[PDB]
Structure formats: structure tokens, C-alpha cells
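Student: To start, I am sharing the structure in question, which I have written as C-alpha cells.
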Amino acid sequence: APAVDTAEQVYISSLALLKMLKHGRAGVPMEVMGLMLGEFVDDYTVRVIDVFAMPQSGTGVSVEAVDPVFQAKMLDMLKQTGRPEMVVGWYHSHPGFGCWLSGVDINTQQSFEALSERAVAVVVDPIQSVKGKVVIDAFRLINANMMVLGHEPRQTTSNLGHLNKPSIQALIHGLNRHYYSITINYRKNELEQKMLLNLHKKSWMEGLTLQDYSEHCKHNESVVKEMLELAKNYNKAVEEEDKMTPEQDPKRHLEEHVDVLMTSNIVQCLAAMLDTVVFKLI
Amino acid sequence: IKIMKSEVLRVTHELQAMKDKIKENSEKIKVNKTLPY
């Protein structure tokens, strides 16, 4: 009997992740659900090209929460649009509950896997996804007959599936007992990286735009006053150092202050000279 | 007298359709206003 390898990866595209995050935040504090479109490239790869949200239902997040008619018309209209990808799986948001599958989640995942054996149930935490870390895991299932007899849920052929460690919160809620966490990887080509770089790419202007001069003098005065106080502290510390065998430091904070003063002053001076030169009447 | 007849036809079409959208609004209202208050 074939067994899914532990090296299988869920290749979630960048815009799919963005849409999942935005929809999950939008539904807070409720739970949202949407269907994931993509293609199962092979046994060891699941590619999630795109994901579309679904209307909020009073049931919550269940298999009655996915309605047939909206799903059908959405799929047909996207196929007409240019995205003829089969539904790979479903996603729902556990707001602040961590990433795991509840009993209703497991029931919905069994319903989805009835359609196709390969079907992930990736969930996302919209509020725990604070800037930096993104809390999103993907679980498929564990067949009951598979676990009861004795075999491991997944065959292992490499260290790819063991790079990340499971969480206690997921483990208690049935991880490695009813479902396994599939390693998640983000498909991000150079084009989308460059496009997303425009979010914080300031402009061609601020590289030449001088900061306010009076504000610059006020900032310099403040930092030099801090320099004076920190220099008094450093002198006192050094005077203690001689009466000290090897046994916050003013020196370090002084170093950070001198660094910020240096960069600010040098940047302002160089920018002033450049505006003097290039921004000329001639 | 023809333009008002055309307006009557368009207004009855509008009534017939926005009956359906108001019923859909009611369905979504109940979808939030379900039961366990």
C-alpha cells in the first residue's frame, strides 16, 4: 500500500498567502473558510496557486458551511477567467487558537478527502500572525486503520519532514494522532518579490530631500546632551575600573549614540552638498 | 403616454428583482441572527 512521504510539501503561492491572511483578519473574531485552487504536481508536491474566500455562514466552519452552488459558480467563472485549477483543499482561521484541527475540522477534512485522497487542511491564525512570524500550518489526516494496526502514518526517506518541530498546542489537539503537519513552503519568483518591494521602496525623492534644518539642530542638541551625560557615566565607570580586577554599560550606549549621530550628520551633510551640486540654476 | 408605460415596466422589473435581493438580505440576516443568543 502506497504511503505519503514525509517530504511532501504544500507550495502555497504568495498571493494565496496574502488572500488567506487578509480574509482571516477580516473575519476576526469569527472563523472564516475558503477553498484552495491548485494542482497536485506529484506525490511529493502540492501547489496552491490561488485561494478564494467563501461567504460567512451561521453554522461556522463545517461541511455545511461550504455551499455547493457558490462553489460551482465560482469555479466555473474562474475557469472562464483563466484559472482552471481543481480545488486542492480548504482553509479556515483559528483566531488565537493556534493551528490544529478540531473534531468538526476533522469531519470536514474527511469530507474533502472523500473527493481526492491528497487534500490538505491548512489553517491560519489571523491574530497570532503579527509582523514577522506567520502562524500557518497544513495538515492532511491520519487514516484510523493505518494508525490502529501499527504502521507509522507517513514513510520517511529524507530529513525534509523533520526540519521543523511540532508545537505542544497542536500536539495535544490530535497532531501525529489524527493528522500530520505537512511542511509548508512559499513559491515566490523574482517578479513578485520585486513587485512587493514597492511597498516600502520610498521614492527617488527622499534620497535627495533634506530633513528639516531646525529639527536637525534640535535632534543634534538632544543627542549631544545624552552624549555628555553618558560620557560622565563612562568616566565614572572607568574611574571604578582601575579599582576593579576582572570580576547596562555606559560605553555601549555611548557607541550607539555616536553611531546615530554620525549617520544622521553625515547623511545630512552629503545630501546638502548633493542638492547644492545637482539642483543648480545652470 | 408611452414613456410612463415604459417607466411602469421598468419599475415593475425593479420591484420583481429587488424583492429577491431583499429576501437574500433577510436570509443573510438570519444567517447572523441564528439562535444561541
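Start at 1 and count along the chain as shown; that gives each residue its number.
Placement of Cβ uses the backbone N, Cα and C atoms for every residue, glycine included.
Sharing the feature lines straight out of Swiss-Prot:
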BINDING   A:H92, A:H94, A:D105  Zn(2+) binding site
DOMAIN    A:10-145  domain 'MPN'
MOD_RES   A:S129  phosphoserine
MOD_RES   A:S203  phosphoserine
MOD_RES   A:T245  phosphothreonine
MOTIF     A:92-105  motif 'JAMM motif'
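Let's see these features in context: how buried, what's close, how far.
Tutor: In the three-state DSSP scheme, A:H94 (Zn(2+) binding site) is classed as coil. Long-range Cβ proximity for A:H94 (Zn(2+) binding site), meaning a same-chain Cβ under 8 A and a gap of 6 or more residues, is found for A:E31, A:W100, A:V123, A:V124, A:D125.
A:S129 (phosphoserine) is surrounded by 17 other CB atoms, counting those within 10 A of its CB over all protein chains shown.
DSSP assigns A:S203 (phosphoserine) to coil in the three-state reduction, outside any helix or strand. The Cβ of A:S203 (phosphoserine) lies under 8 Å from no Cβ of any same-chain residue at least six residues away in sequence.
Reduced to three states, the DSSP call for A:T245 (phosphothreonine) is coil. With a cut-off of 8 Å between CB atoms and residues at least 6 apart in sequence, the same chain places nothing near A:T245 (phosphothreonine).
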Student: State the residues, same chain only, that lie 6 or more residues beyond the ends of the motif 'JAMM motif' (A:92-105) and have a CB under 8 A from a CB inside it; answer 'none' if no residue qualifies.
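Tutor: Answer is 23-24, 27-34, 60-62, 121, 123-128, 135-137, 139, 167, 169-170, 173-175, 178-179.
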Student: Using the centroid of the Cβ atoms of A:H92, A:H94, A:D105 as reference, list every other same-chain residue with Cβ within 8 Å of it (recorded Zn(2+) site), in sequence order.
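Tutor: Surrounding the site, in chain order, are A:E31, A:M33, A:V61, A:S93, A:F97, A:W100, A:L101, A:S102, A:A121, A:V123.
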Student: Hey, how far is A:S129 (phosphoserine) from A:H92 (Zn(2+) binding site), Cα to Cα, in Å?
Tutor: 14
